[PDB]
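> what would the 3D arrangement of this be:
(6 chains)
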Amino acid sequence: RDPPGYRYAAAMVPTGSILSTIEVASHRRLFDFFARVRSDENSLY
Amino acid sequence: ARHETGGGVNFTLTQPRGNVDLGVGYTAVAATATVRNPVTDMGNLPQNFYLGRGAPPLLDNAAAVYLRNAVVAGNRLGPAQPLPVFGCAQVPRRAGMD
Amino acid sequence: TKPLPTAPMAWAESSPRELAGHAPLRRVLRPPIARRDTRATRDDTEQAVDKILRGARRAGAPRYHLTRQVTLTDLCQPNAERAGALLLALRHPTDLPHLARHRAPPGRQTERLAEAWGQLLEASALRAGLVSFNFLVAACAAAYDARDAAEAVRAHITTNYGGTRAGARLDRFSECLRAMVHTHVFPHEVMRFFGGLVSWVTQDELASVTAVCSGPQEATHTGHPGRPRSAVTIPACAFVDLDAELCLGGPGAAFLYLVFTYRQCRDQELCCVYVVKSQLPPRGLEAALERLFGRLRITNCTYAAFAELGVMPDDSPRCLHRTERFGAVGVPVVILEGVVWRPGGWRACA
Amino acid sequence: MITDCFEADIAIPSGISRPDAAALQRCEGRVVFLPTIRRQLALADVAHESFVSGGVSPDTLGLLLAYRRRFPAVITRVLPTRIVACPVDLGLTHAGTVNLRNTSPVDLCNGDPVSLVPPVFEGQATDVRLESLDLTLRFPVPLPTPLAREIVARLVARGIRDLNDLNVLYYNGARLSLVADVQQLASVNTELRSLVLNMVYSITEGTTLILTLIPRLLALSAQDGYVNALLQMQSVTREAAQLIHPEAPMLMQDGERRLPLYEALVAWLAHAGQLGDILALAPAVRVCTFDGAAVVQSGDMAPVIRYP
Amino acid sequence: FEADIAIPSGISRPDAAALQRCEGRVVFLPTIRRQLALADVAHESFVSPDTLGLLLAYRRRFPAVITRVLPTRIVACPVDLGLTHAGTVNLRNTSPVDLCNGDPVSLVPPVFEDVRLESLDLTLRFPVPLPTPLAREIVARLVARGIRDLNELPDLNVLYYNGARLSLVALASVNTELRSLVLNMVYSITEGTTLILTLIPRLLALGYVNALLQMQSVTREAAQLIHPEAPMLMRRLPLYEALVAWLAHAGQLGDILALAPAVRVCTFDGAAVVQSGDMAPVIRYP
Amino acid sequence: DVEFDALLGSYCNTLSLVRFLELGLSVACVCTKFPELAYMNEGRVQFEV
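Numbering: from 1, shown residues only, chains lettered A, B, ... in the order given. This is the structure:
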């Protein structure tokens, strides 16, 4: 497996919004790099 | 055209043509004047049928082999090598012709 | 260079049909789809730079495959033999004292081949190398039917090949091959075809032999621009027709074939190599080998072994029968013309 | 090009009726046996009247035996004045994709080698007769090789009955019957001698070891379902163990340095395993479609790559 | 001509390096087609076969030698078509046998001793490219070993090629893997030599054929017939229909056990002997 | 006697050319074009929920 974490500097400037909101973790298998965070985390920085 | 063989390159030319004979009736004649030398020697060279094939052999292999050997032997014609099964019998080659 | 025979002269440039594709594709149009509805040298070396430039603007010629192999010159010589001769490659020779010990019929000498090979390394001293074709005739010269040219091939090889007492190799290498027939490892299990000569580089005891492993013969880069042309030369002991012996005078492409013949008698064994020109396919060839070589079949359970060699693609194939001078000895040499090499595999006939 | 395409030109004669000239364009990719590899032949050197001996028209068994004396060529293109063919024995095309046509009732698959047979089948012995020239063309029938190894086995075995049924096949559930026909004695003895020289040469002293292993097989076939499906309901070794109790020789002459089993198999392969090639001819062509499908149907043309 | 084999995405760091390790190794693709999936090449696509099964399937599929291996697709040049177009392709040895110059090279299923892609979960078994004189010997030894394991010898486990010792032993899986050949080779002989034994005493008809037969059988075959009939005996037997089913079976094993070459090695400006592990310049077109 | 044969008329078609963006289905697409795709390994898209 090669799940490289997403790129926060780029995602700091998004191209377009999502619309629907759902619990995401309910279905994971659509994605590759999937991460949950509680309110903040150290590696973000 | 172009065709390349043996490393050499070969050209060939062709032309289409046509013939119509616009005479009605006999328009030309061939008269045979003289006679150069006859080709075939007018000889005597009788025939063997043992060159040929397709006749039922007479029943005694003692006799059927007997005749053939007493005929085919030494004949100017009769097969030299025993008959090759497939294509044809072949005439003994002559040393020289006249 | 722009002559005035322009009916065929433009066709010798490979043409005007190069624009046949180039006009509606490259010349027109805006489609892919539109909308609807200092005195002598330089110029002496300067035209040599232009010759690189004349070669760089554009990149008929059939293809080859040239091979080179560095070859010790004990048994074969690319030196005495000119361009346009057959060559034959080999395997490693220490497998010879091993395979003869198990492939022999019961009641023969399995230690015969094990000693006969060491007597050739101890006779050519007075390793999958190469054996040229002309060298192989003089060894098997004592088994032929046209023995006079067999005594002419031997007449020059003792005097022209690099080495002392090449006739002592000829009398020993044939003794090796007469041991191959007895020890039942047949020489067609060893001899491999190597293409016709174009060029060769000499040194002490080794040679860099270049040859055509596949393709036509007459247009190879022979190396000499004065003579970039070579024809195929074969001694007349081996060249056996099957057009005359089978009365097939009908025109068509002829096929070239390498043929071994075997003779197994008690200490009287023979070797013969033949190059066979035929109009026969390989599926209809062995029936002719039954006809000519049945005397060796009755007296022996194989009797022959053959392989493909090449095709003369002419409608009328062209042979020659001359006596060339290799050194100082005239050998009756059959010269084949318009020969295209394509090899093939071997065959057993028990 | 000369090594790639070496295209024989059967010349067409001058006077041909349009019922017969349009018969040739219906025969685009079929098989023509060139007698030599000339670049110029005639239709009289191709047709079935060229195929006859002196007064003797060959039967369907002997008609195989003079295919292999000639050069099988696929016709590539039929011009109005000549017919262009590529002989297979040299080399097919530059890139090498020629087209046959299934005159057989049998479909092909990718990778199947194509052996060609004289027109054996019922309702299929189809000879294009050119009545405006009196030339009949027996175009042969291309088949997959598990058929042509079976049909030639049917035709050989039927003639050997006549020295003292068999004529029905199955291929992919299609019952197809071949024509029961008279067979000439000169053709059968060429086939009969071609077996017994090749079978008896395939027997060596190692084969007397293997014949001891026959009652091992009937001991083994009653256990495995594979050998029970291998032998047959109608084999010979199932009867040739119950009459035959062999024993192996204890010592052999120089039996330590020679290999008894190894010498038998190579002597078997080079004489008996080769034998299906000897009676018939060799499949010099197999089918490699590019993009269409895995199966070329009957009547449809089929792309073609040379076969070693 | 060159075909592409698309790698499905989701390849790990070692599995993407695993396809990089097999640069010039042989691949069978079912049909010559421009796009083709990597499941078709894989060992899963062969269904699982034994060594009689793989020799059937190497005669239907079309071999391609892998050229440059890109990270998204695998580029494959087929042997029957694009090797008459592209002249020389490199090919890597995996055999323990050094390839000499100008050798007809066949490919053989790996009987001796196989890259598995874990992220994709499929195995790629590649054949072992060794030349045709060995290919006819090694299979004939391994069949002959299987018969002496059906009751060995001190010999027959050892081959010498080019002065080098080969080891077929290096096993109990191998003898059962190659077992369905052995049950066919034993059947194809013992059915053969009984039909000979049931037809020569049945006819022995004398035109000259029996004169050709019994003179060639003069203490050679008829003594071999009598010594078989001494270890034997001498209703109507279904003889003439047993010929057909044997000829259809005997002619079929000759094509499995042919092991025809595709590759000839015309080296140029290189060694005459390509070692094991190295690449060999490879052609199939004259 | 006098006789004929005749062609009375001949009729082609017109291939309909259908732009994809004419179809309502293009709603579901967001189409953009790399001029070069083939030089790209795995591409990505980030989301943040």
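> pick out the residue of chain F closest to chain D.
Nearest to chain D in chain F, going by Cβ to the nearest Cβ, is residue F:5, at a distance of 16.1 Å. C-beta here means a position set from N, CA and C on the backbone, and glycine is covered the same way.
> what's the burial count for that residue?
By other Cβ atoms under 10 Å in any protein chain shown, 4 other residues sit near residue F:5.
> so it: helix, strand or coil?
Look at residue F:5: counting by DSSP: H, G, I helix; E, B strand; the rest coil, its state is coil.
> that one and residue D:19, how far apart?
The spacing between residue F:5 and residue D:19, counted by Cβ to Cβ, to the nearest Å, is 19 Å.
> then residue A:27?
Distance from residue A:27 to residue D:19, by Cβ to Cβ: 72 Å.
> next: residue C:126.
From residue C:126 to residue D:19 the distance is 82 Å (Cβ to Cβ).
> what sits against residue D:108?
Listed by Cβ atoms under 8 Å, 6 or more residues apart in numbering or on different chains, the contact set of residue D:108 reads D:102, D:114, D:144, D:287, D:295-296, D:302.
> next: residue D:95.
Taking Cβ under 8 Å, 6+ apart, we find residue D:95 in contact with E:1, E:81, E:84-85.
> return the nearest residue of chain A with respect to chain B.
Closest approach between chain A and chain B, counting by Cβ to the nearest Cβ: residue A:2, at 55.5 Å.
> partners of the helix or strand where residue C:311 lies, with directions?
Element membership for residue C:311, per DSSP states H and E: strand C:304-312. Neighbouring strands of strand C:304-312 in its sheet, by DSSP bridges, are strand C:254-263 (antiparallel), strand C:340-341 (antiparallel).
> okay, those in CSV with mean neighbour count next?
Shown next, in CSV, are the strands paired with strand C:304-312 (neighbours: other Cβ atoms under 10 Å in any protein chain shown):
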stretch, mean neighbour count
strand C:254-263, 23
strand C:340-341, 24
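> what's the burial count for residue 22?
Reading this off chain A. The tally of other residues near residue A:22 (other Cβ under 10 Å) stands at 9.
> not quite, go with chain D.
10.
> and it, its phi and psi?
phi -80, psi -10 (degrees, to the nearest 10).
> and it, how close does it get to residue D:81?
15 Å.
> nearest to chain A: which residue in chain D?
Nearest residue of chain D to chain A, counting by Cβ to the nearest Cβ: residue D:291, 33.9 Å away.
> let me know the helix or strand that the residue nearest to residue D:77 when sequence neighbours are not counted is in.
In this structure, residue D:77 finds its nearest non-sequential neighbour in residue D:84, 4.8 Å apart by Cβ to Cβ, 6 or more residues apart in numbering or on different chains. Assessed by DSSP H and E, residue D:84 sits inside strand D:82-87.
> so after that strand, what's the next helix or strand?
Taking DSSP H and E, what comes next after strand D:82-87 is strand D:98-101.
> does any bit of that next one sit next to chain E?
No - taking Cβ under 8 Å from any Cβ of the partner chain as the criterion, strand D:98-101 and chain E are apart, separated by no less than 12.7 Å.
> starting at the chain centroid, how far to that strand?
Strand D:98-101 has its average C-alpha position 18 Å from the chain's average C-alpha position, going by Cα atoms, centre = their mean, to the nearest Å.
> what's the distance between the nearest residue to residue D:50 once chain neighbours are set aside and residue D:86?
Spatial nearest neighbour of residue D:50, excluding adjacent residues (Cβ to Cβ, 6+ apart): residue D:44 at 6.2 Å. From residue D:44 across to residue D:86, the span is 21 Å (Cβ to Cβ).
> do the same with residue B:25
Distance, residue B:25 to residue D:86, by Cβ to Cβ: 49 Å.
> ok, those two, which is more surrounded?
Legend: neighbour count by other Cβ under 10 Å for residue B:25 and residue D:86, higher for residue D:86 (22 against 4).
> can you pull up the bridge partners for the more buried one?
Legend: beta-bridge partners of residue D:86 under DSSP bridges are residue D:74.
> which phi and psi does residue A:11 have?
Main-chain dihedrals, residue A:11, degrees, to the nearest 10: phi -60, psi -10.
> correction: the previous question concerned residue C:193.
Dihedral pair for residue C:193: phi -70, psi 140, per degrees, to the nearest 10.
> correct me, but it touches residue C:89?
Yes - Residue C:193 lies in contact with residue C:89 (Cβ atoms under 8 Å); the separation is 7.2 Å.
> which one of the two has more residues nearby?
Comparing residue C:193 with residue C:89 by other Cβ under 10 Å, the one with more neighbours is residue C:89, at 24 against 20.
> surely the more buried one and residue C:132 touch.
No - using Cβ under 8 Å, residue C:89 makes no contact with residue C:132, being 10.5 Å away.
> hang on, the earlier thing: just the CA coordinates of the strand holding residue D:84, formatted as CSV?
In CSV, the C-alpha atoms belonging to strand D:82-87 read as follows (Å, rounded to 0.1, in the frame of the first residue of the first chain):
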residue,chain,number,x,y,z
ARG,D,82,-4.7,-12.9,-63.7
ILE,D,83,-5.0,-14.3,-60.2
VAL,D,84,-2.4,-13.4,-57.6
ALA,D,85,-1.3,-15.9,-54.9
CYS,D,86,1.1,-16.1,-52.0
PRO,D,87,2.9,-19.4,-51.6
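> what's it packed up against?
Contact partners of strand D:82-87 among helices and strands, from 3 or more Cβ pairs under 8 Å, 6 or more residues apart in numbering or on different chains; DSSP states H and E: strand D:8-11, strand D:31-34, strand D:71-78.
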